[PDB]
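The block underneath contains the structure these notes are about, expressed in structure tokens.
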Amino acid sequence: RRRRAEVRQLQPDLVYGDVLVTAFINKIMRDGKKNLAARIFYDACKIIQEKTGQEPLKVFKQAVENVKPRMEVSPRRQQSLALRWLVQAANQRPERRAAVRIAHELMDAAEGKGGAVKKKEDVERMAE
Amino acid sequence: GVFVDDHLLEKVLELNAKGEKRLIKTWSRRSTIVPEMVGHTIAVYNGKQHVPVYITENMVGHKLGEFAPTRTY
RNA sequence: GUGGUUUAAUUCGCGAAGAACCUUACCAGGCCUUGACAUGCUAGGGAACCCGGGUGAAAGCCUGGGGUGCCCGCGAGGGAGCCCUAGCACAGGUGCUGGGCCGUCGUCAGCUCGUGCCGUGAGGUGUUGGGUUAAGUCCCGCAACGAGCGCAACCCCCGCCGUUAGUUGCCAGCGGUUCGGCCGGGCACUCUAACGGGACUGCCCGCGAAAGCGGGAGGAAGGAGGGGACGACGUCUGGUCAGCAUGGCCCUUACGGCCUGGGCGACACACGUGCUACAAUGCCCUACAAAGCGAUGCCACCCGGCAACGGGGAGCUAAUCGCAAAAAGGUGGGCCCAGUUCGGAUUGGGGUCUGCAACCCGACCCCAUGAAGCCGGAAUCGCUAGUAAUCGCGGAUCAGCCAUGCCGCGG
């Protein structure tokens with residue numbers, strides 16, 4: 001208790017220059033292998049730009065933004081919570097490739113739709 | 001290669017040469033059955049448990065048990 | 001492992017006992033002076049012992065030959081070391097219960113003592129307050145003052161620097177390239193070992209009881225650097241027969257001692273704990289990385305084989321004075337099934353091996369084998385730091401015989 005402890009702060013990834021990136025990679029992270037989950041994200045983004053032509057970064061941030069619950073919310077938990085549904089919803093997708101399921105899950109989330117975004121509407125609506 | 005009690009055959013070799021089908025006893029350790037036990041009651045003895053079973057021409061190559069029973073009795 | 005089943009189904013209150021050939025348990029048998037082994041003593045006779053056969057696989061018993069040293073000593077006797085026989089105590093007993101030793105549990109800070117005062121029956125005052133906190137008692141102020149619980153809290157190890165030494169891991173400029181190693185030379189570097197220095201309350205700012213804490217710069221680990229390790233007293237009053245000792249009872253020398261063979265702590269039901277196990281893995285190929293602990297044991301390396309294994313030669317007492325474990329998980333590339341995912345327990349058949357054997361408890365390989373592609377509501381368990389967690393490795397399994405116990409490290 002006290003001191004408000006710490007949460008540490010990491011650096012960008014490579015082609016995006018954002019912290020939330022690695023943070024999200026930590027969610028997809030499993031078995032302790034970030035190297036794998038890393039490419040899974042990059043490849044997931046590559047599919048986005050090769051299907052929408054838009055920046056895979058602006059689609060990522062926006063997606064997570066359209067998931068951060070307002071009520072159920074600290075500016076931090078908004079990230080932890082959002083990243084959760086983004087992975088869970090992407091874990092239950094039709095696509096066979098991990099990078100493909102996440103890619104679609106992100107695009108839909110960025111457009112304000114999908115299972116992850118649908119879950120939020122429920123939590124918020126059941127809170128208000 | 002193949003193991004066998006270096007004695008339970010001395011008493012049976014005579015029986016196989018005489019024609020008597022008596023019962024041979026054993027006192028060593030891993031008492032094993034051999035082809036010469038084709039027609040004899042290897043009723044070994046020591047002081048407690050017994051190991052009989054009249055070996056034939058197919059029952060040879062094994063034993064009765066107890067020396068590696070993953071169970072008992 | 002416990003309850004339970006049972007010719008006894010190890011012992012004791014989850015686990016270890018370091019690996020159930022094995023003592024502890026059962027039945028049967030022999031001996032029972034020596035009492036499997038050892039120590040000490042008394043009595044008679046007798047000179048230890050060595051080699052060997054049969055019976056024998058309980059080693060009990062039976063038989064033959066040769067047959068040591070010393071003084072008195074000269075042909076043979078007594079006695080001692082020693083043997084056999086006869087007797088006894090210690091001996092031996094996981095056979096049990098009721099100081100001491102080791103250790104666990106409450107794991108974190110508090111308790112005790114002296115002087116003095118209140119003050120008498122005593123006890124307490126030695127933490128009233130603030131911040132920070134697991135042992136040199138956190139510190140300061142106010143408090144009546146002071147001190148101890150006993151050199152490890154940096155004593156040891158890892159990460160910083162500098163210095164010295166060892167140089168088959170190594171290396172800048174340079175030459176020979178021995179067809180890739182490598183040789184010649186090389187306090188520079190990298191690794192290991194030793195010593196000292198840096199180590200948080202210091203530079204600056206805010207509040208200040210200036211007790212302290214917070215933020216930033218330098219440095220950059222630093223006001224927590226991480227772990228190992230640790231207190232009156234109390235409780236389980238155990239366990240402890242791993243070791244040692246005392247008293248009662250048992251031990252009356254035929255489980256009233258001891259020895260061997262053979263066996264037992266397997267399972268039907270259920271729980272607790274650990275390990276492997278599909279949804280993103282497997283197969284094949286090339287191939288740079290990881291520490292610590294080892295070792296007369298392991299054992300690189302041609303050929304044969306699916307593997308195990310096998311035939312021959314060489315190397316070793318030790319890693320900057322050979323080397324094994326190489327390889328290697330991982331990672332990268334390609335690919336077969338849009339749920340046998342090729343994960344695969346277990347059972348069964350054949351062959352092989354360390355080992356006397358383990359053929360019914362071991363281990364490896366091959367075919368079959370699909371409990372089956374499930375991964376759980378009430379409730380509950382472990383951990384949170386470069387930890388949890390994932391995965392692979394190596395030594396001994398130093399506290400004996402290939403049947404995932406422990407420790408160390410890297411990614």
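Residue numbers start at 1 in each chain; chains themselves are named A, B, ... in the order of the structure tokens; ligands are numbered from 1 in the order shown.
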
(message) At a cut-off of 10 Å, using only C-alpha atoms (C1' of nucleotides), what residues contact residue 6 (chain B)? Leave out same-chain residues fewer than 6 positions from it and give the result as a list in words.
(response)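 Counting only the stated atoms, we get residues 26, 28, 31 and 32 of chain B; 57 of chain C.
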
Discussion item. Set the distance at 7 Å and use only C-alpha atoms (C1' of nucleotides): which residues neighbour region 81-98 of chain A once local chain neighbours fewer than 4 positions away are removed? I'd like the list as an NGL selection string.
Written reply: :A and (24 or 27-28 or 40 or 64 or 67-68 or 77 or 102 or 105 or 115-116)

Go ahead and save the picked residues with N, CA and C atoms, as a PDB file, in the first residue's frame.
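Ended up saving to out.pdb:
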ATOM      1  N   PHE A  24      -0.465  -4.634 -26.311  1.00  0.00           N
ATOM      2  CA  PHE A  24      -1.448  -5.510 -26.936  1.00  0.00           C
ATOM      3  C   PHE A  24      -0.781  -6.830 -27.301  1.00  0.00           C
ATOM      4  N   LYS A  27      -0.962  -9.281 -24.682  1.00  0.00           N
ATOM      5  CA  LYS A  27      -2.239  -9.967 -24.535  1.00  0.00           C
ATOM      6  C   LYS A  27      -2.245 -11.190 -25.440  1.00  0.00           C
ATOM      7  N   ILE A  28      -1.870 -10.985 -26.699  1.00  0.00           N
ATOM      8  CA  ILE A  28      -1.811 -12.071 -27.667  1.00  0.00           C
ATOM      9  C   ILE A  28      -0.706 -13.019 -27.215  1.00  0.00           C
ATOM     10  N   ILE A  40       2.665 -12.128 -35.261  1.00  0.00           N
ATOM     11  CA  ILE A  40       1.228 -12.341 -35.380  1.00  0.00           C
ATOM     12  C   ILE A  40       0.506 -11.003 -35.499  1.00  0.00           C
ATOM     13  N   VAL A  64      -9.078   0.084 -30.427  1.00  0.00           N
ATOM     14  CA  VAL A  64      -8.974   0.035 -28.973  1.00  0.00           C
ATOM     15  C   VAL A  64      -9.779   1.166 -28.343  1.00  0.00           C
ATOM     16  N   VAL A  67     -13.456   0.589 -27.767  1.00  0.00           N
ATOM     17  CA  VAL A  67     -13.666  -0.554 -26.888  1.00  0.00           C
ATOM     18  C   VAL A  67     -13.534  -0.136 -25.428  1.00  0.00           C
ATOM     19  N   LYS A  68     -12.748   0.908 -25.184  1.00  0.00           N
ATOM     20  CA  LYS A  68     -12.539   1.412 -23.831  1.00  0.00           C
ATOM     21  C   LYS A  68     -13.874   1.796 -23.201  1.00  0.00           C
ATOM     22  N   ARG A  77      -7.305   1.482 -16.873  1.00  0.00           N
ATOM     23  CA  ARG A  77      -8.131   0.285 -16.971  1.00  0.00           C
ATOM     24  C   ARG A  77      -8.860   0.269 -18.310  1.00  0.00           C
ATOM     25  N   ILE A 102      -7.337 -11.620 -35.656  1.00  0.00           N
ATOM     26  CA  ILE A 102      -7.065 -10.357 -34.982  1.00  0.00           C
ATOM     27  C   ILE A 102      -7.246  -9.188 -35.944  1.00  0.00           C
ATOM     28  N   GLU A 105     -10.840  -8.576 -36.355  1.00  0.00           N
ATOM     29  CA  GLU A 105     -11.358  -8.105 -35.076  1.00  0.00           C
ATOM     30  C   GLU A 105     -11.028  -6.633 -34.858  1.00  0.00           C
ATOM     31  N   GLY A 115     -17.803  -8.566 -32.138  1.00  0.00           N
ATOM     32  CA  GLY A 115     -18.131  -9.190 -30.870  1.00  0.00           C
ATOM     33  C   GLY A 115     -17.541  -8.449 -29.686  1.00  0.00           C
ATOM     34  N   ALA A 116     -16.310  -7.972 -29.843  1.00  0.00           N
ATOM     35  CA  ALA A 116     -15.630  -7.240 -28.782  1.00  0.00           C
ATOM     36  C   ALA A 116     -16.373  -5.949 -28.455  1.00  0.00           C
TER      37      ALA A 116
END

Proximity of chain B to chain C: per-residue shortest pair, 8 Å limit, only C-alpha atoms (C1' of nucleotides), as CSV:
residue,atom,partner,partner_atom,distance
B:3,CA,C:357,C1',7.0
B:27,CA,C:57,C1',5.2
B:28,CA,C:57,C1',5.1
B:30,CA,C:357,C1',6.3
B:46,CA,C:261,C1',6.1
B:47,CA,C:28,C1',4.2
B:48,CA,C:27,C1',5.0
B:49,CA,C:262,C1',7.2
B:61,CA,C:359,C1',7.5
B:62,CA,C:359,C1',5.9
B:64,CA,C:360,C1',8.0
B:65,CA,C:360,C1',5.3
B:66,CA,C:360,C1',6.5
B:67,CA,C:360,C1',7.1
B:68,CA,C:361,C1',4.8
B:69,CA,C:360,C1',4.6
B:70,CA,C:361,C1',4.8
B:71,CA,C:266,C1',3.1
B:72,CA,C:266,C1',5.5

Selection file, N, CA, C and O atoms, as a PDB file, in the first residue's frame:
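Output contents, as saved in result_14.pdb:
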ATOM      1  N   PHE B   3      18.417 -68.355 -19.221  1.00  0.00           N
ATOM      2  CA  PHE B   3      18.733 -68.703 -17.843  1.00  0.00           C
ATOM      3  C   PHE B   3      18.036 -69.988 -17.410  1.00  0.00           C
ATOM      4  O   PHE B   3      17.018 -70.380 -17.982  1.00  0.00           O
ATOM      5  N   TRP B  27      15.843 -74.800  -5.073  1.00  0.00           N
ATOM      6  CA  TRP B  27      16.258 -74.019  -3.911  1.00  0.00           C
ATOM      7  C   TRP B  27      17.096 -72.780  -4.239  1.00  0.00           C
ATOM      8  O   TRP B  27      17.523 -72.055  -3.334  1.00  0.00           O
ATOM      9  N   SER B  28      17.330 -72.533  -5.525  1.00  0.00           N
ATOM     10  CA  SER B  28      18.116 -71.376  -5.945  1.00  0.00           C
ATOM     11  C   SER B  28      17.316 -70.076  -5.854  1.00  0.00           C
ATOM     12  O   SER B  28      16.573 -69.865  -4.896  1.00  0.00           O
ATOM     13  N   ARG B  30      16.055 -67.258  -9.086  1.00  0.00           N
ATOM     14  CA  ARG B  30      15.136 -67.187 -10.216  1.00  0.00           C
ATOM     15  C   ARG B  30      14.968 -68.549 -10.883  1.00  0.00           C
ATOM     16  O   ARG B  30      15.459 -68.774 -11.990  1.00  0.00           O
ATOM     17  N   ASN B  46      11.218 -74.600  -0.356  1.00  0.00           N
ATOM     18  CA  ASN B  46      12.163 -73.742   0.342  1.00  0.00           C
ATOM     19  C   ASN B  46      11.807 -73.693   1.823  1.00  0.00           C
ATOM     20  O   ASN B  46      12.632 -73.999   2.682  1.00  0.00           O
ATOM     21  N   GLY B  47      10.572 -73.300   2.114  1.00  0.00           N
ATOM     22  CA  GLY B  47      10.137 -73.232   3.494  1.00  0.00           C
ATOM     23  C   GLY B  47       8.824 -72.498   3.670  1.00  0.00           C
ATOM     24  O   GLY B  47       8.259 -72.477   4.764  1.00  0.00           O
ATOM     25  N   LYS B  48       8.322 -71.915   2.586  1.00  0.00           N
ATOM     26  CA  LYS B  48       7.080 -71.158   2.654  1.00  0.00           C
ATOM     27  C   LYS B  48       6.184 -71.354   1.438  1.00  0.00           C
ATOM     28  O   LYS B  48       5.522 -72.383   1.295  1.00  0.00           O
ATOM     29  N   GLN B  49       6.154 -70.351   0.571  1.00  0.00           N
ATOM     30  CA  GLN B  49       5.346 -70.435  -0.629  1.00  0.00           C
ATOM     31  C   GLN B  49       5.806 -71.615  -1.468  1.00  0.00           C
ATOM     32  O   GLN B  49       6.913 -72.136  -1.275  1.00  0.00           O
ATOM     33  N   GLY B  61       9.131 -71.825 -20.623  1.00  0.00           N
ATOM     34  CA  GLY B  61       9.619 -70.542 -21.092  1.00  0.00           C
ATOM     35  C   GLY B  61       9.242 -69.404 -20.164  1.00  0.00           C
ATOM     36  O   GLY B  61       9.505 -68.238 -20.463  1.00  0.00           O
ATOM     37  N   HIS B  62       8.626 -69.741 -19.034  1.00  0.00           N
ATOM     38  CA  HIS B  62       8.209 -68.735 -18.063  1.00  0.00           C
ATOM     39  C   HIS B  62       8.397 -69.187 -16.619  1.00  0.00           C
ATOM     40  O   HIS B  62       9.512 -69.476 -16.183  1.00  0.00           O
ATOM     41  N   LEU B  64       5.733 -69.551 -12.624  1.00  0.00           N
ATOM     42  CA  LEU B  64       4.435 -69.468 -11.962  1.00  0.00           C
ATOM     43  C   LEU B  64       4.191 -68.038 -11.485  1.00  0.00           C
ATOM     44  O   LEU B  64       3.080 -67.519 -11.593  1.00  0.00           O
ATOM     45  N   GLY B  65       5.235 -67.410 -10.949  1.00  0.00           N
ATOM     46  CA  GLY B  65       5.110 -66.047 -10.468  1.00  0.00           C
ATOM     47  C   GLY B  65       5.922 -65.730  -9.226  1.00  0.00           C
ATOM     48  O   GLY B  65       6.726 -66.543  -8.767  1.00  0.00           O
ATOM     49  N   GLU B  66       5.699 -64.535  -8.686  1.00  0.00           N
ATOM     50  CA  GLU B  66       6.396 -64.061  -7.493  1.00  0.00           C
ATOM     51  C   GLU B  66       7.902 -63.948  -7.714  1.00  0.00           C
ATOM     52  O   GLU B  66       8.630 -64.942  -7.663  1.00  0.00           O
ATOM     53  N   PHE B  67       8.341 -62.716  -7.955  1.00  0.00           N
ATOM     54  CA  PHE B  67       9.736 -62.358  -8.204  1.00  0.00           C
ATOM     55  C   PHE B  67       9.683 -61.028  -8.941  1.00  0.00           C
ATOM     56  O   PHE B  67      10.691 -60.341  -9.109  1.00  0.00           O
ATOM     57  N   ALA B  68       8.475 -60.683  -9.373  1.00  0.00           N
ATOM     58  CA  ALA B  68       8.202 -59.451 -10.097  1.00  0.00           C
ATOM     59  C   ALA B  68       6.692 -59.206 -10.204  1.00  0.00           C
ATOM     60  O   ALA B  68       6.239 -58.524 -11.123  1.00  0.00           O
ATOM     61  N   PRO B  69       5.893 -59.741  -9.260  1.00  0.00           N
ATOM     62  CA  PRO B  69       4.446 -59.527  -9.346  1.00  0.00           C
ATOM     63  C   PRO B  69       3.996 -58.095  -9.072  1.00  0.00           C
ATOM     64  O   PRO B  69       4.055 -57.621  -7.937  1.00  0.00           O
ATOM     65  N   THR B  70       3.542 -57.415 -10.120  1.00  0.00           N
ATOM     66  CA  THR B  70       3.060 -56.047  -9.985  1.00  0.00           C
ATOM     67  C   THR B  70       1.788 -56.062  -9.142  1.00  0.00           C
ATOM     68  O   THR B  70       1.161 -55.027  -8.915  1.00  0.00           O
ATOM     69  N   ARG B  71       1.416 -57.257  -8.688  1.00  0.00           N
ATOM     70  CA  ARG B  71       0.244 -57.457  -7.843  1.00  0.00           C
ATOM     71  C   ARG B  71       0.648 -58.271  -6.614  1.00  0.00           C
ATOM     72  O   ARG B  71       1.447 -57.810  -5.798  1.00  0.00           O
ATOM     73  N   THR B  72       0.099 -59.476  -6.484  1.00  0.00           N
ATOM     74  CA  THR B  72       0.419 -60.347  -5.355  1.00  0.00           C
ATOM     75  C   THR B  72      -0.389 -61.643  -5.407  1.00  0.00           C
ATOM     76  O   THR B  72      -0.953 -61.991  -6.445  1.00  0.00           O
TER      77      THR B  72
END

Check every residue of chain C for an atom within 10 Å of chain A, counting only C-alpha atoms (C1' of nucleotides), and provide those that qualify as a count of residues only. 9

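Each of B:13, B:24, B:42, B:33 was checked against residue 59 (chain B) using only C-alpha atoms; the smallest atom-to-atom distance is that of B:33.
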
Practice problem: Just the alpha helix (DSSP H) stuff from region 5-118 of chain A, please, per backbone DSSP, written as a PyMOL selection string. | Solution: chain A and resi 19-28+34-49+56-65+77-91+98-110+115-118

Contacts of region 36-38 of chain B within 10 Å, only C-alpha atoms (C1' of nucleotides), excl. fewer than 6 positions in-chain, as an MDAnalysis selection string: chainID B and resid 8:9 12:13 15:16 21 23:24 54:61

Kindly export the residues of the current selection with N, CA, C and O atoms, as a CSV table (one decimal), in the first residue's frame.
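As a result, part.csv now contains:
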chain,number,residue,atom,x,y,z
B,8,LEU,N,18.0,-78.0,-10.7
B,8,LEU,CA,16.7,-78.6,-10.9
B,8,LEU,C,16.7,-79.6,-12.1
B,8,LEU,O,15.7,-80.3,-12.3
B,9,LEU,N,17.8,-79.5,-12.9
B,9,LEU,CA,17.9,-80.3,-14.1
B,9,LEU,C,18.6,-81.6,-13.8
B,9,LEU,O,18.5,-82.6,-14.5
B,12,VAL,N,16.0,-84.0,-12.7
B,12,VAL,CA,15.0,-84.3,-13.8
B,12,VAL,C,15.7,-85.0,-14.9
B,12,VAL,O,15.1,-85.8,-15.6
B,13,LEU,N,17.0,-84.7,-15.2
B,13,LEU,CA,17.7,-85.4,-16.2
B,13,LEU,C,17.7,-86.9,-16.0
B,13,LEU,O,17.7,-87.6,-17.0
B,15,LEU,N,15.2,-88.5,-14.4
B,15,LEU,CA,13.8,-88.8,-14.6
B,15,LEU,C,13.5,-88.9,-16.1
B,15,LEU,O,12.7,-89.7,-16.5
B,16,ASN,N,14.2,-88.1,-16.9
B,16,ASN,CA,14.0,-88.0,-18.3
B,16,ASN,C,14.8,-89.2,-19.0
B,16,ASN,O,14.5,-89.6,-20.1
B,21,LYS,N,8.2,-89.8,-13.9
B,21,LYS,CA,7.6,-88.4,-13.9
B,21,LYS,C,7.4,-87.9,-12.5
B,21,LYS,O,6.2,-87.5,-12.2
B,23,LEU,N,8.3,-85.4,-9.1
B,23,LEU,CA,8.2,-83.9,-9.0
B,23,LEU,C,9.6,-83.4,-8.5
B,23,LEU,O,10.1,-83.9,-7.5
B,24,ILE,N,10.2,-82.5,-9.2
B,24,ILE,CA,11.5,-81.9,-8.9
B,24,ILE,C,11.3,-80.6,-8.0
B,24,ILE,O,10.4,-79.8,-8.3
B,54,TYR,N,2.4,-78.1,-13.4
B,54,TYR,CA,3.0,-79.2,-14.2
B,54,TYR,C,3.3,-78.7,-15.6
B,54,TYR,O,2.4,-78.7,-16.5
B,55,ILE,N,4.5,-78.2,-15.9
B,55,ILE,CA,4.9,-77.7,-17.2
B,55,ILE,C,4.8,-78.8,-18.3
B,55,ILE,O,5.0,-80.0,-18.1
B,56,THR,N,4.4,-78.4,-19.5
B,56,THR,CA,4.2,-79.3,-20.6
B,56,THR,C,5.2,-78.9,-21.7
B,56,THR,O,6.4,-78.8,-21.5
B,57,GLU,N,4.7,-78.7,-23.0
B,57,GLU,CA,5.6,-78.4,-24.1
B,57,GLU,C,5.3,-77.0,-24.6
B,57,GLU,O,5.9,-76.5,-25.5
B,58,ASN,N,4.4,-76.3,-23.9
B,58,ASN,CA,4.0,-75.0,-24.2
B,58,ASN,C,4.0,-74.0,-23.0
B,58,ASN,O,4.2,-72.8,-23.1
B,59,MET,N,3.9,-74.6,-21.8
B,59,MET,CA,3.9,-73.9,-20.6
B,59,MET,C,5.4,-73.5,-20.2
B,59,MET,O,5.6,-72.8,-19.2
B,60,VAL,N,6.3,-74.1,-21.0
B,60,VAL,CA,7.7,-73.8,-20.7
B,60,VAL,C,8.2,-72.5,-21.3
B,60,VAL,O,7.7,-72.0,-22.3
B,61,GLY,N,9.1,-71.8,-20.6
B,61,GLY,CA,9.6,-70.5,-21.1
B,61,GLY,C,9.2,-69.4,-20.2
B,61,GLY,O,9.5,-68.2,-20.5

> Which residues, written as a ChimeraX atom specification, have at least one atom at most 9 Å from residue 117 (chain C), with only C-alpha atoms (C1' of nucleotides) counted and residues fewer than 2 positions away on the same chain left out?
Replying inline: /C:119,125,144

From the list A:14, A:57, A:5, A:20, the nearest residue to residue 78 (chain A) using only C-alpha atoms is A:20

* To do: In Å, rounded to a single decimal, give me how far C1' of residue 126 (chain C) is from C1' of residue 146 (chain C).
  =>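 Answer for the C1' of residue 146 (chain C) to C1' of residue 126 (chain C) separation: 9.3 Å.
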
Which residues are close to region 94-101 of chain C, i.e. within 8 Å by only C-alpha atoms (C1' of nucleotides), leaving aside same-chain residues fewer than 4 positions away? Reply as a PDB file with N, CA and C atoms (P, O5', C5', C4', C3', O3' and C1' of nucleotides), in the first residue's frame.
ATOM      1  P     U C  11       3.535 -51.455   9.488  1.00  0.00           P
ATOM      2  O5'   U C  11       4.520 -50.429  10.203  1.00  0.00           O
ATOM      3  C5'   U C  11       5.417 -50.861  11.223  1.00  0.00           C
ATOM      4  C4'   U C  11       6.277 -49.709  11.688  1.00  0.00           C
ATOM      5  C3'   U C  11       5.523 -48.452  12.094  1.00  0.00           C
ATOM      6  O3'   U C  11       5.072 -48.535  13.442  1.00  0.00           O
ATOM      7  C1'   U C  11       7.303 -47.870  10.650  1.00  0.00           C
ATOM      8  P     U C  24      13.429 -58.579   9.230  1.00  0.00           P
ATOM      9  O5'   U C  24      12.697 -57.267   9.756  1.00  0.00           O
ATOM     10  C5'   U C  24      12.983 -56.731  11.048  1.00  0.00           C
ATOM     11  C4'   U C  24      12.126 -55.515  11.311  1.00  0.00           C
ATOM     12  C3'   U C  24      10.625 -55.735  11.195  1.00  0.00           C
ATOM     13  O3'   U C  24      10.087 -56.217  12.423  1.00  0.00           O
ATOM     14  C1'   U C  24      11.237 -53.801   9.977  1.00  0.00           C
ATOM     15  P     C C 241      14.996 -41.785  14.311  1.00  0.00           P
ATOM     16  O5'   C C 241      15.949 -42.614  15.283  1.00  0.00           O
ATOM     17  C5'   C C 241      15.493 -43.048  16.562  1.00  0.00           C
ATOM     18  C4'   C C 241      16.165 -44.346  16.944  1.00  0.00           C
ATOM     19  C3'   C C 241      15.868 -45.518  16.021  1.00  0.00           C
ATOM     20  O3'   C C 241      16.779 -45.518  14.925  1.00  0.00           O
ATOM     21  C1'   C C 241      15.523 -46.180  18.265  1.00  0.00           C
ATOM     22  P     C C 250       8.877 -58.153  33.448  1.00  0.00           P
ATOM     23  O5'   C C 250       9.086 -58.216  31.869  1.00  0.00           O
ATOM     24  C5'   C C 250       7.982 -58.433  30.993  1.00  0.00           C
ATOM     25  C4'   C C 250       8.444 -58.444  29.554  1.00  0.00           C
ATOM     26  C3'   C C 250       9.620 -59.354  29.242  1.00  0.00           C
ATOM     27  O3'   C C 250       9.196 -60.699  29.052  1.00  0.00           O
ATOM     28  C1'   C C 250       9.964 -57.244  28.230  1.00  0.00           C
TER      29        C C 250
END

key: All residues 12 Å or closer to region 140-143 of chain C, only C-alpha atoms (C1' of nucleotides), same chain fewer than 5 positions away omitted, as an MDAnalysis selection string   = chainID C and resid 125:132 209:212
